[PDB]
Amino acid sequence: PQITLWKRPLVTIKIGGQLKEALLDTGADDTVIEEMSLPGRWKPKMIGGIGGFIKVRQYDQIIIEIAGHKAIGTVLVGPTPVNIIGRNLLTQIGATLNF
């Protein structure tokens, strides 16, 4: 699809068996999901944006379905009010910014 930017670019995702709403975010290097359990190994990470940093858990090799398109990659889990699909997974679904 072609998604307009008149509104936040929100899509449905599936991760860890759960359906969630997430923001397609070209400004995010990495994907950041609100607190949830994921299987496997993880390690701590700090990520920074406006207002400073948050601590997250980094899970590698996690599959996400994004608006119907499957992708695999690293997923960060931590205290965000909105799920963020970052560039590491946007590339895998072929997303581009066009103007």
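Start at 1 and count along the sequence shown; that's the residue number.
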Regarding 54-62 and 68-76, which shows the higher C-alpha temperature factor on average in the entry?
68-76
Mean C-alpha B-factor higher for 23-31, or for 37-45?
37-45
Check where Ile3 lands among this chain's C-alpha B-factors and tell me if it's the lowest, middle or highest third.
highest
Divide the modelled residues of the chain into thirds by Cα B-factor and specify which third, lowest, middle or highest, holds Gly86.
lowest
